[PDB]
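Data block below; observations after.
Just so it is clear, A, B, C and D label the chains in written order, and each chain counts residues from 1 on its own.
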């Protein structure tokens, strides 16, 4: 089988295994801080450098994957804690949208909220223009921030959140298990057929954004990943 | 919400938080050895003492859970490596079947392979009588060892295997990710309605068995678990 | 050429191929537990029974060797995790020091920390009396536990650690590669002239010790070894 | 820390993690055949796609690495079993030398036998022009196929050879351990300062060449690699 696996316990600048796009900045403690607090409509994304081949056109096979990661959102004085983080999968040629307004677009879509990606968001601001739930929420997105499905959640400031995601090639199910600092778990699942939504090779990464009045610290702390494609 | 969570990094006898059934024994290193290598048709089961309320007849809600465990199977000289380990969920009054032949029944079913339980099996022997796959395999079982669904796998002697299981109340999906010692991952998923197959209160646990000529070391090294039931 | 090679994927009692000295005990899962958790100043050592000719007096030649093994140290409640395991080479007539205090001596030296051996230590406790570094470490020992050279390391409870050793006769260089469970590698290398420090025939083996209040589970799980001495 | 690791138990076409250069072809059994048996001065190289950061100009640190791999060379009728395989490390922009004559250049150097790389060769043909020992041999090359150091070896046709390499950043020691199918080991070592001979970012891989009358099957079967750079 064809397996891809990596494990970051801390990050550093100048590491060929990662692509930094936009306002991303590596902190002295090894954390990745996605957006710049002093910039309007700041967008910062981090991608794993090597493109992963999630499905084969010759075998028609799709990959299964297990990935776990932890992040932290923290309030800054005077600004609204917005907009949130998003773990996504997108074509290898993926780039931050031209003229991106950041904000509720999460750094991955256009003004209408359309884009070419699939991912799980942790939304801390309800954008009525994208049909956001009235509360913080975790969501599954397929080519749009107007979530296919969402589950009510609570973003605690300065709280380390651990997430685990499982994609099963057979059922084409994408499972997510979020563990809040207080101990409670929030799970959400949905059948998304990657073979039909994304090309053969893609790139995994995280993104975050802010607006003029919406800014908060968005931190990625660790990230392990393992995918396996049946080659036969 | 109503959450239940424990984490065993090592086990010990006389700990009131665990039930020992059958030939189970706790090794000096803190591991739990499920079967007795000297006994014919040995069956051993370890259960978390406190029953967990997976669903409510009052609210009709079903809980969601995240659990992670690791095990190790090892070959012993002269005997065939059989039969396997099974992570199961069963009524609080669950006991090893009367007159259990061990072997292909993994300690949870009768001779015909029927019983009242739901779980993930790691089968190292093909029992044609239970329509077993021709290879080692992981499988989802619902009230029988004639698996509802299986996926080819490979048991590596002396290799420490890691399992992540997530159950999403909403979509009733049970997702399993198995990370082999060589790095490769194996995922299997299936929709199972706990509310219709199991009572409000259940017990989580592990069970392994052997026959006369089928014996091997079945070890449980660690196990963390968290379930949350929405109470409203 | 003259080559000696063996491979233990699991051990057993009553195997004339191995020497058990002290509190050693072979677990039902085949692992070797070096110390007794209930004894004060427990010392346990295991040696490969047949002596290996590491150098010829006639030809002046020294043998090269490649050896690989895996262990596991696990904490036990109420006691400090000590003292560590040491892979050693010693005279065929080697035995545990008379009146051994266990502890910092690692079962291979006297109270001053002096003995006849060459080895690699995985020290989990800082013994000032032997100039131990302030943290966990891997060290190279030539006739003393006051390491010739050390490198910071981290012992993780219940984690299986793999180690690779290569000794090249020409450069008299002993290189060590430790693979922690988290993925990272810790290497350390040193020039040690075996011909001048040890006799023509030696015995390879492991050893671990504890004191009154310092005890932990020390396990050896597997061991492959090969050496070749040019005979011409 | 900064760790990079991968594990290839078999290879496959169209895999984004590998760069194929020259006459490389992936066989149905998942083996890589480096040279074309019907081509004069055939050359084939296969590299890991992601460039690895071996040292940091900011910290002045060098990484350490453990790598294990197996290969097989086989004789084809009428042609001389030539020329051998070489595991090398070169600058990320590395390519097959223009007008490479194959043969004793091993695909990594010009006609004079010079180039920019470091590596371990398994040379099956004595090229006087490069001061080749009169027998088959394993050697350490630093910017030239005129080995800095060699050790006599024997290449058995159709035999699967295992090789283990370790590089300790501290001593700057590159140690190799070769295991012949017959059981005997061949070790070789040498202090090479990578920080001085190679740039910050390099790519690892294997190369193989042949001439008009020198041809044989060069197969790569597996390859595991792990390197760690202290980031602080």
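Miscellaneous remarks
Here is the rule we go by: a residue touches a chain if its C-beta (ideal position, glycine included) is under 8 Å from a C-beta of that chain, and two chains touch if they have at least 3 such contacts.
Chains and their UniProt names: A, B, C, D = Galactose-binding lectin.
Chain pair C-D has a twin interface among A-B, A-D or B-D; that twin, with over half of the contact pairs alike by residue number, is A-B. Both chain B and chain C derive from one sequence, and where they touch, over half of the residue numbers involved are common to the two copies. One simple way to say how far apart two chains are is to compare their mean CA positions; for chain A and chain B this gives 33 Å.
One simple way to say how far apart two chains are is to compare their mean CA positions; for chain B and chain C this gives 37 Å.
The mean-CA centres of chain A and chain C are about 46 angstrom from one another, to the nearest whole unit. Annotation for chain A: residues 3, 5, 7, 9 touch two or more other chains.
With chains as nodes and touching pairs as edges, the resulting graph is complete, every pair of chains being joined. Screening every pair of chains for touch gives A-B, A-C, A-D, B-C, B-D, C-D.
On the side of chain A, the complex with chain C involves touching residues 7, 9. Across the complex, chain C meets chain A through its residues 182-183. The part of chain C that touches chain B in the complex is made up of residues 9-10, 25, 27-31, 33, 37, 72, 74, 157-158, 160, 217, 219, 221-222.
Those residues of chain B whose C-beta lies close enough to touch chain A in the complex are 1, 3, 5, 64-66, 151, 164, 166-171, 173, 175-177, 179, 183-190, 226-228. The touching residues of chain A, when paired with chain D in their complex, are 2-7, 9-10, 12, 14-17, 30, 49-53, 56, 58, 201, 231.
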